Amino acid sequence: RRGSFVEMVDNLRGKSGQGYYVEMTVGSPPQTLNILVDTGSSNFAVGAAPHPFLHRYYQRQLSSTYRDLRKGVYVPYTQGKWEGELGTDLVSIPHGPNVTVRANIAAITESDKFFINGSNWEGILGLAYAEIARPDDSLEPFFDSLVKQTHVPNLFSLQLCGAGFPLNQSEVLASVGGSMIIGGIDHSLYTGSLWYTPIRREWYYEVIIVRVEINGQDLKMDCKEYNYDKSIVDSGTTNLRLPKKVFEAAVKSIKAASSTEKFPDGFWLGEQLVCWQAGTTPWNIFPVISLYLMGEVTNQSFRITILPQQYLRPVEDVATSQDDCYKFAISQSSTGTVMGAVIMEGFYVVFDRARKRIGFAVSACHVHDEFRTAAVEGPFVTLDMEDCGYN
Amino acid sequence: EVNXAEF
């Protein structure tokens, strides 16, 4: 029932479309920067030179504790990329554990489609493993340094909180967007039980999906297709991204379930918004979506179920009218499944690195209505789940 | 939209 990490509760701001960020300080004296929380990468980097979208940036010449690694680094993401210079410096998380650590920092000097206008963040915190760090795995990720240099338990958990309606930059600034609990699990952030799935391999936070349902109906594909090439949990990706074949089958089924209303192809491709008169969004015509994940017990699985309140992303109207509008936050992928922010907004997610597993529980801040709620349920007797993993 | 390390 009780929440025991109050200092870190509500330490995030942001929204699915622009990322969730936590305040951090780098250097001596401390330079404050807003840093996006990215479980899909492993490099800690911060803008280190002016940019149209940055209000502030890291000034190495003003930090007495700055150490130059004299080495360049380049990091490309599914969308966006940056070029930077490596070094180390002291880092702290004001609303985080009360420790300061020396960590690797890539000072971003050039970038393309990386920073977002009005996002309010100026850096990125890649929380995944060394295996995918650039230039290579010799560059210790921030979380690893943190755990090696302190007594912080080797675990962190994320409660990303979507508002369910749009927020402009000033509202994002003044609102709580969630929590990143470093070193533990805060029980006030979820309801029900935590169910855990194994981390298949420590590079991205990779998991195995063994079954997919749309309003209880089995998509009925070879489960290998669901993880075709990999399935990862990524706080830095807006959408639920699915391998091309799974995306097409899912969209067909979601269109069939919501067919009482018809939407332009642009809507299903994630490109155009759809609007309804204030308060009339027809939540009940859209289906719930269930992802079944391999359990920790042999032949056991559990499922996490989200609502259209999670996969329909609120966006501001073209004329900022009083209509309630959204974009379809499910899109195709050529690099496997990505359980992005719209999935994470339904749940409290525990990245239990020490025990190589990821925990899911219904979030205390997930958006829902009076008829349905997100769910995490189990167990289900499931067979040959490792066959679902792609090699 | 954000789509954060390559592929």
# chains A, B, ... in the order shown; residues from 1 in each chain; ligands from 1
call {"tool": "residues_around", "arguments": {"residues": "stretch 89-96 of chain A", "least_positions_apart": "6", "cutoff": "7 Å", "atoms": "only C-alpha atoms", "output": "ChimeraX atom specification"}}
result
/A:7-8,11,23-27,65-67,102-104,182
call {"tool": "write_last_selection", "arguments": {"atoms": "N, CA and C atoms", "output": "PDB file, in the first residue's frame"}}
result
ATOM      1  N   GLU A   7      11.115  11.267  -2.099  1.00  0.00           N
ATOM      2  CA  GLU A   7      11.946  12.305  -2.684  1.00  0.00           C
ATOM      3  C   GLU A   7      12.036  12.205  -4.222  1.00  0.00           C
ATOM      4  N   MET A   8      11.855  11.004  -4.762  1.00  0.00           N
ATOM      5  CA  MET A   8      11.951  10.817  -6.204  1.00  0.00           C
ATOM      6  C   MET A   8      10.597  10.775  -6.889  1.00  0.00           C
ATOM      7  N   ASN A  11       9.253  13.284  -9.977  1.00  0.00           N
ATOM      8  CA  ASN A  11      10.445  14.012 -10.411  1.00  0.00           C
ATOM      9  C   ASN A  11      10.563  14.119 -11.939  1.00  0.00           C
ATOM     10  N   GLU A  23      15.381  16.359 -13.920  1.00  0.00           N
ATOM     11  CA  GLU A  23      16.379  17.377 -13.714  1.00  0.00           C
ATOM     12  C   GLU A  23      17.690  16.733 -13.246  1.00  0.00           C
ATOM     13  N   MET A  24      18.806  17.212 -13.802  1.00  0.00           N
ATOM     14  CA  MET A  24      20.139  16.754 -13.393  1.00  0.00           C
ATOM     15  C   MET A  24      21.098  17.956 -13.321  1.00  0.00           C
ATOM     16  N   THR A  25      22.229  17.798 -12.623  1.00  0.00           N
ATOM     17  CA  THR A  25      23.251  18.852 -12.592  1.00  0.00           C
ATOM     18  C   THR A  25      24.565  18.209 -13.040  1.00  0.00           C
ATOM     19  N   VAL A  26      25.370  18.951 -13.789  1.00  0.00           N
ATOM     20  CA  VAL A  26      26.655  18.430 -14.241  1.00  0.00           C
ATOM     21  C   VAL A  26      27.688  19.506 -13.970  1.00  0.00           C
ATOM     22  N   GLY A  27      28.879  19.097 -13.519  1.00  0.00           N
ATOM     23  CA  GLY A  27      29.944  20.058 -13.291  1.00  0.00           C
ATOM     24  C   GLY A  27      30.015  20.702 -11.925  1.00  0.00           C
ATOM     25  N   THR A  65      35.677  20.435 -12.574  1.00  0.00           N
ATOM     26  CA  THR A  65      35.837  18.993 -12.476  1.00  0.00           C
ATOM     27  C   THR A  65      35.773  18.264 -13.826  1.00  0.00           C
ATOM     28  N   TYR A  66      35.628  19.038 -14.892  1.00  0.00           N
ATOM     29  CA  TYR A  66      35.578  18.503 -16.226  1.00  0.00           C
ATOM     30  C   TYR A  66      36.864  17.808 -16.620  1.00  0.00           C
ATOM     31  N   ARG A  67      36.737  16.638 -17.247  1.00  0.00           N
ATOM     32  CA  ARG A  67      37.892  15.887 -17.755  1.00  0.00           C
ATOM     33  C   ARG A  67      37.651  15.596 -19.228  1.00  0.00           C
ATOM     34  N   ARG A 102      30.901  10.339 -10.817  1.00  0.00           N
ATOM     35  CA  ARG A 102      31.664  10.833 -11.956  1.00  0.00           C
ATOM     36  C   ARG A 102      31.244   9.952 -13.104  1.00  0.00           C
ATOM     37  N   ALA A 103      30.708  10.576 -14.139  1.00  0.00           N
ATOM     38  CA  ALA A 103      30.213   9.774 -15.232  1.00  0.00           C
ATOM     39  C   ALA A 103      30.655  10.284 -16.572  1.00  0.00           C
ATOM     40  N   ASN A 104      30.626   9.388 -17.551  1.00  0.00           N
ATOM     41  CA  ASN A 104      30.950   9.779 -18.922  1.00  0.00           C
ATOM     42  C   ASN A 104      29.864  10.704 -19.437  1.00  0.00           C
ATOM     43  N   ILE A 182      15.092   5.823  -8.528  1.00  0.00           N
ATOM     44  CA  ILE A 182      16.424   5.266  -8.717  1.00  0.00           C
ATOM     45  C   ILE A 182      16.783   4.393  -7.512  1.00  0.00           C
TER      46      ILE A 182
END
call {"tool": "select_by_dssp", "arguments": {"residues": "stretch 6-214 of chain A", "states": "alpha helix (DSSP H)", "output": "MDAnalysis selection string"}}
result
chainID A and resid 142:149 169:174
call {"tool": "atom_distance", "arguments": {"atom1": "atom CA of residue A:361", "atom2": "atom CA of residue A:181"}}
result
14.8 Å
call {"tool": "select_by_dssp", "arguments": {"residues": "stretch 70-288 of chain A", "states": "strand (DSSP E or B)", "output": "PyMOL selection string"}}
result
chain A and resi 70-76+81-92+100-112+123-126+156-160+178-182+190-198+202+205-206+209-214+217-218+231-233+237+240-243+274-276
call {"tool": "closest_residue", "arguments": {"among": "A:309, A:299, A:333, A:18", "to": "residue A:372", "atoms": "only C-alpha atoms"}}
result
A:309
call {"tool": "residues_around", "arguments": {"residues": "residue B:6", "least_positions_apart": "2", "cutoff": "8 Å", "atoms": "only C-alpha atoms", "output": "list in words"}}
result
residues 75, 76, 77 and 78 of chain A
call {"tool": "write_last_selection", "arguments": {"atoms": "C-alpha atoms", "output": "mmCIF file, in the first residue's frame"}}
result
data_model
loop_
_atom_site.group_PDB
_atom_site.id
_atom_site.type_symbol
_atom_site.label_atom_id
_atom_site.label_comp_id
_atom_site.auth_asym_id
_atom_site.auth_seq_id
_atom_site.Cartn_x
_atom_site.Cartn_y
_atom_site.Cartn_z
ATOM 1 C CA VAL A 75 25.027 8.417 -31.972
ATOM 2 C CA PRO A 76 22.197 7.811 -34.460
ATOM 3 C CA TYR A 77 18.734 6.774 -33.214
ATOM 4 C CA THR A 78 15.671 5.486 -35.061
#
call {"tool": "closest_residue", "arguments": {"among": "A:32, A:237, A:158, A:192", "to": "residue B:2", "atoms": "only C-alpha atoms"}}
result
A:237
call {"tool": "interface_residues", "arguments": {"of": "chain A", "to": "chain B", "cutoff": "8 Å", "atoms": "only C-alpha atoms", "output": "ChimeraX atom specification"}}
result
/A:16-19,38,40-42,75-80,132,234,236-238,335
call {"tool": "closest_residue", "arguments": {"among": "A:296, A:10, A:85, A:324", "to": "residue A:196", "atoms": "only C-alpha atoms"}}
result
A:296
call {"tool": "residues_around", "arguments": {"residues": "residue A:36", "least_positions_apart": "5", "cutoff": "8 Å", "atoms": "only C-alpha atoms", "output": "list in words"}}
result
residues 19, 20, 21, 22, 121, 122, 123, 124, 125 and 236 of chain A
call {"tool": "write_last_selection", "arguments": {"atoms": "N, CA, C and O atoms", "output": "short mmCIF file (atom, residue, chain, number, x, y, z; two decimals), in the first residue's frame"}}
result
data_model
loop_
_atom_site.label_atom_id
_atom_site.label_comp_id
_atom_site.auth_asym_id
_atom_site.auth_seq_id
_atom_site.Cartn_x
_atom_site.Cartn_y
_atom_site.Cartn_z
N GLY A 19 8.89 13.13 -25.03
CA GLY A 19 9.75 12.50 -24.04
C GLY A 19 9.51 12.99 -22.62
O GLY A 19 8.97 14.10 -22.39
N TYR A 20 9.93 12.17 -21.65
CA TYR A 20 9.82 12.52 -20.22
C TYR A 20 11.24 12.77 -19.75
O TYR A 20 12.14 12.00 -20.08
N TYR A 21 11.44 13.85 -19.00
CA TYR A 21 12.78 14.20 -18.57
C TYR A 21 12.88 14.44 -17.06
O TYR A 21 11.88 14.72 -16.39
N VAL A 22 14.10 14.30 -16.53
CA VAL A 22 14.37 14.49 -15.10
C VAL A 22 15.44 15.58 -14.99
O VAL A 22 16.31 15.72 -15.85
N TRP A 121 13.84 19.84 -22.69
CA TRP A 121 14.97 19.01 -22.26
C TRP A 121 16.18 19.37 -23.10
O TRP A 121 16.04 19.83 -24.24
N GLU A 122 17.36 19.15 -22.54
CA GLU A 122 18.61 19.56 -23.20
C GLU A 122 19.64 18.46 -23.29
O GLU A 122 20.77 18.71 -23.72
N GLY A 123 19.27 17.27 -22.85
CA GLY A 123 20.21 16.17 -22.84
C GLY A 123 19.44 14.87 -22.80
O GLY A 123 18.18 14.88 -22.71
N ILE A 124 20.17 13.77 -22.86
CA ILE A 124 19.55 12.45 -22.87
C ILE A 124 20.28 11.53 -21.92
O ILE A 124 21.51 11.61 -21.81
N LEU A 125 19.52 10.68 -21.23
CA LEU A 125 20.11 9.73 -20.28
C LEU A 125 19.76 8.34 -20.76
O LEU A 125 18.63 7.88 -20.56
N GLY A 236 11.89 6.35 -24.49
CA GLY A 236 12.20 7.43 -25.43
C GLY A 236 11.56 7.30 -26.80
O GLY A 236 11.92 8.01 -27.76
#
call {"tool": "atom_distance", "arguments": {"atom1": "atom CA of residue A:295", "atom2": "atom CA of residue A:377"}}
result
11.2 Å
call {"tool": "residues_around", "arguments": {"residues": "stretch 273-278 of chain A", "least_positions_apart": "3", "cutoff": "7 Å", "atoms": "only C-alpha atoms", "output": "PyMOL selection string"}}
result
chain A and resi 267+281+322-327
call {"tool": "write_last_selection", "arguments": {"atoms": "C-alpha atoms", "output": "PDB file, in the first residue's frame"}}
result
ATOM      1  CA  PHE A 267      -5.193   8.396 -39.268  1.00  0.00           C
ATOM      2  CA  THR A 281     -14.486  10.711 -27.737  1.00  0.00           C
ATOM      3  CA  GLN A 322     -12.495  22.790 -27.903  1.00  0.00           C
ATOM      4  CA  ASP A 323     -12.604  19.476 -29.730  1.00  0.00           C
ATOM      5  CA  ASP A 324     -10.734  16.569 -28.193  1.00  0.00           C
ATOM      6  CA  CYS A 325      -8.247  15.296 -30.803  1.00  0.00           C
ATOM      7  CA  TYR A 326      -5.726  12.434 -31.090  1.00  0.00           C
ATOM      8  CA  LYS A 327      -3.317  10.626 -33.371  1.00  0.00           C
TER       9      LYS A 327
END
